[PDB]
Structures are given as structure tokens and as C-alpha cells.
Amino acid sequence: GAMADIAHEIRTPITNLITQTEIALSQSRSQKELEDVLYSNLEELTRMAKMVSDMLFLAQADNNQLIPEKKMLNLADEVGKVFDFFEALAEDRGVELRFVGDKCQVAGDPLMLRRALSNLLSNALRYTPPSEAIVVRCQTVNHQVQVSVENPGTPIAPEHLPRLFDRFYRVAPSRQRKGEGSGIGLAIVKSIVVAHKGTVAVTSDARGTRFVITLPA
């Protein structure tokens, strides 16, 4: 349950902080060496606070109080707001962020949908090779809107596919240092999409990995 899952998420960052602080204090360090330990500590603590924030959001969905406040959205507009916050991360990794859509529009909660799109982009940036593009595609199909986040990379093995949106599920034991993920980013995507009466789907093979949100239209 949550007790074991959350404790096992935090046990190792806590352990690292003690370990590195204990090491730092065992020897006489310069003033800036000590500041670098603090900044290092702050980075880990910051990830922990993000995990806490994510958990409180997801908790709304349990208790069934995740209630989208919907209006007609221009998805080109909303994706662009998210790209602006990921442009530096993308440039560092050497990846293109690309939007594809032809006047694509949908009723939805923009706060929640930007959160879902952000979590899908954070996921894709973990796995996309340099000199490739992450593509966000939007289109209307059979009176629904499909929004897909597509990335080249190593395929996700079948055993993980139905598990990807589970709370604190991780494909590799990369429950890890300095990487990415609260551990419930994808669970948050699915909860937002289900609250919009939609579904999420993933396909993954040699041609790429595709996370597809289907929303009523």
C-alpha cells in the first residue's frame, strides 16, 4: 500500500543526505565546498517536496474530488505554454519539441491538461535520444480528440506497458538519483484523463513509443 510505497521512495534519498552530510562534516572544508553540499542537499529535498505535492494532487482523485473545470481550449496554445517551460531541458538534451495540429480544439481543464502534458513531456525527455524530436500530435478522430506524445527510443517491454500508470511503478530500478519523476507522474496523467471521461493508451516498438490521450469531443 501507500505506507510501504512512499516509505520505500524516501528511504534512499534520506539515506544519501545523511551519508553525504556526515562525510562533509568529517573533514575541514572550504566555505564553498560546504555550500556545494548544501545545494546538493537542497536538490534532493526539492525532489522530495515535488513528490509530496504530486501525492496531494493525486489524493484528490481518490475521494473522487478531481473535478475538471472545463472550457473550450486551443490545444496549440496550451502545448506552447508547456513547451516554453521545457525548452531549456530539451536544448540541454539536444532534443526538438514539436507540435502537430490543424486548428485543434477540445473542452477541458487547462490547468489539469497542462499538468498531464508536462508529465508526459518529462517522461519522454527521459528516454529520447539526442538529435531526435519529441512530437505532440493533436487531431479529431471519430468525435474524439486524440493528443499523443511520441518519442523515439528503446522500446518499453510488454510486461511494463499495462503497469506504466501505476503509482510508484518504475520500469528499471531507476528509482534513482538526479533523474526524473516523483514516481506518480504517469498515475497523475491517467487520473486527469479519466476525470475528463477519456482514456490513455501506450504503444511501444522499434518505430517509437506513443502515449495517447483520448478525450470526448
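Start at 1 and count along the sequence shown; that's the residue number.
- 112-120 and 68-76 differ in mean CA B-factor, and the higher of the two is recorded for 68-76.
- The stretch with the higher mean CA B factor, choosing between 158-166 and 45-53, is 45-53.
- Of all the options 201, 25, 206, 194, the entry's greatest CA B-factor is assigned to 25.
- In this PDB entry, the Cα temperature factor of residue 185 sits in the bottom third of its chain's modelled residues, the lowest group.
- When the modelled residues of the chain are ordered by C-alpha B-factor, residue 146 sits in the lowest third.
- Among the modelled residues of its chain, residue 217 has a C-alpha B-factor that falls in the highest third according to the deposited record.
- Ranked by Cα temperature factor within the chain, residue 134 sits in the lowest third according to the deposited record.
- In the deposited entry, the Cα temperature factor of residue 104 sits in the top third of values across the chain's modelled residues.
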